[PDB]
Amino acid sequence: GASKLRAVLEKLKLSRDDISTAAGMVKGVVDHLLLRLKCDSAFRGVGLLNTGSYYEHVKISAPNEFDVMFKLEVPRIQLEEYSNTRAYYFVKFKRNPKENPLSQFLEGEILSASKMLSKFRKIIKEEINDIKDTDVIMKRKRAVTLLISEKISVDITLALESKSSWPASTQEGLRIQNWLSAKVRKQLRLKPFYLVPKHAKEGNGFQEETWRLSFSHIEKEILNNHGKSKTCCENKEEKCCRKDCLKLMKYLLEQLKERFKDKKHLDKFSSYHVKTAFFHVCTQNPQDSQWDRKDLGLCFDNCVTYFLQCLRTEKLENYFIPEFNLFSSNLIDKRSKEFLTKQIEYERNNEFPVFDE
Ligand SMILES: Oc1c2ccccc2nc2nnnn12
Ligand SMILES: [Zn+2]
């Protein structure tokens, strides 16, 4: 069980130093763009958001690829749920003096996301040309992705920060009461929420004016504070395998994606799908005793088992938005699910050969 798994884990951990050697060139580009971005009136309150695999300590087989996020607060905003999606909204303002920096981006009462990102990419594109230390290139649209020294890639995302209360669609979400207590849940919900630009699927087109809720910052917190016990993983007697199981789940999918990249079945699947399923497993298994380090094998099998159940039943609720099904028949087709299902079941039945691969 754990024998082959922890062996894999040991291998992945060895990619520590290499992920930091390049971060120097990254930290340079990011800091440069932030200065020039603050120059523009609209992107004044722009700032780094310390949420991601970099800060969460969970990055696997993607050392060259980096992911950053730029948050921009929006003091007074009104949100409009789009087509009862429960996860996508419009950005309508409610300020007393209608003179906010985003004025130029408005397309009526609604805030244009397509135009918002246009200026964002526009500034970034113009900024990279300046620096002459390391050759930086902006990748074609297909939101901004940079290529540093032809070896390193950075995915820059723009998020709106609303320190207001979380939308009523999240009310029944984040079921961590029995796991992390109700006191913590109330605390976390007091934290702000973020909005990332993502169009919605429609018959003959997309909706390029919608934003999706983002709670990545909460996810980071929850992962670096995973135990029911406050001293979880702080002593030999209380060491668990929560973080290990997530890392393994992630790596498994990435491998299957890397293996079948040519066909493009798993192209729609993402690490978030795996992270979501994991959080649901944590809720199901609230006790630290259920995540004993000596039970890595058995614990990991549960995750795999649950993830498979989500694929078969085509049901995977957003951990914060219960009515949002990441695995909806419309979002992902049954065939693509049956394929990933088939592959994963094979791996489990053959002591996961995809790991040494
Ligand atoms: O990053 C994400 C999300 C982030 C926040 C909320 C829902 C999401 N749903 C997603 N499906 N694929 N990626 N992905
Ligand atoms: Zn722990």
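Numbers and lists here come from the model and the stated rules, or from a named source; none is laboratory data. FYI the Cβ positions are ideal-geometry reconstructions off the backbone, even for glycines, and counts take in every protein chain you see.
For the structure I just gave you, tell me whether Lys38 is in contact with a strand residue (DSSP E or B) (Cβ under 7 Å, 6 or more places away or on another chain), surrounded by fewer than 15 Cβ atoms within 10 Å (Cβ to Cβ) and part of a helix (DSSP H, G or I).
yes
Taking the residues in the stretch 188-216 that are closer than 14 Å to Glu161 by Cβ and of a type in the set (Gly, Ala, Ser) as candidates, determine which candidate is farthest from ligand 2 (Cβ to nearest atom).
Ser214
I'd like the full set of residues that are in contact with a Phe, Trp or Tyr (Cβ under 8 Å, 6 or more places away or on another chain) and either on the phi > 0 side of the Ramachandran plot or within 13 Å of ligand 1 (Cβ to nearest atom) (or both), limited to the stretch 327-343.
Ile332 - this is the single residue of the stretch 327-343 that is in contact with a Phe, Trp or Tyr (Cβ under 8 Å, 6 or more places away or on another chain) and either on the phi > 0 side of the Ramachandran plot or within 13 Å of ligand 1 (Cβ to nearest atom) (or both).
Does any residue in the stretch 226-241 that is closer than 12 Å to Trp291 by Cα come within less than 8 Å, Cβ to Cβ, of a residue that is of a type in the set (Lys, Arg) and more than 8 Å from ligand 2 (Cβ to nearest atom) six or more places away or on a different chain, and which pairs are these?
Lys239/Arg293; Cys240/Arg293; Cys241/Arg293
For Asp262, are the conditions met, namely being within 15 Å of ligand 1 (Cβ to nearest atom) and farther than 22 Å from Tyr54 by Cβ?
no
List the number of the failed condition for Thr210; all other conditions in (1) under 19 Å from the mean Cα position of the chain (by Cα); (2) more than 15 Å from ligand 1 (Cβ to nearest atom) hold.
Among (1) under 19 Å from the mean Cα position of the chain (by Cα); (2) more than 15 Å from ligand 1 (Cβ to nearest atom), the lone unmet condition for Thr210 is (2).
Please report, ordered by residue number, the helices (runs of 4 or more DSSP H) entirely within the stretch 128-243 with at least 3 residues that are over 29 Å from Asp31 (Cα atoms).
Qualifying helices (runs of 4 or more DSSP H): 177-180, 182-190.
Residues of the stretch 261-315 being under 26 Å from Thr231 (Cα atoms), touching a helix residue (DSSP H, G or I) at 6+ places or on another chain (Cβ under 7 Å) and not in a helix (DSSP H, G or I), which ones?
Within the stretch 261-315, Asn285, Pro286 qualify.
Every residue, every condition in (1) under 27 Å from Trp166 (Cβ atoms); (2) surrounded by 19 or more Cβ atoms within 10 Å (Cβ to Cβ); (3) of a type in the set (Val, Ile, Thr); (4) not assigned by CATH to the domain that holds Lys236, yes or no:
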{"position": "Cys299", "(1), (2), (3), (4)": "no, yes, no, no"}
{"position": "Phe307", "(1), (2), (3), (4)": "yes, yes, no, no"}
{"position": "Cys310", "(1), (2), (3), (4)": "yes, yes, no, no"}
{"position": "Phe324", "(1), (2), (3), (4)": "yes, yes, no, no"}
{"position": "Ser329", "(1), (2), (3), (4)": "no, no, no, no"}
{"position": "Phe339", "(1), (2), (3), (4)": "no, no, no, no"}
{"position": "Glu345", "(1), (2), (3), (4)": "no, no, no, no"}
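Taking the stretch 278-297 as the region of interest, how many residues are surrounded by fewer than 16 Cβ atoms within 10 Å (Cβ to Cβ) and within 12 Å of ligand 2 (Cβ to nearest atom)?
3
Kindly indicate whether any position in the stretch 41-60 is surrounded by fewer than 14 Cβ atoms within 10 Å (Cβ to Cβ) and farther than 27 Å from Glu221 by Cα.
Yes: the stretch 41-60 contains one or more residues that are surrounded by fewer than 14 Cβ atoms within 10 Å (Cβ to Cβ) and farther than 27 Å from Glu221 by Cα.
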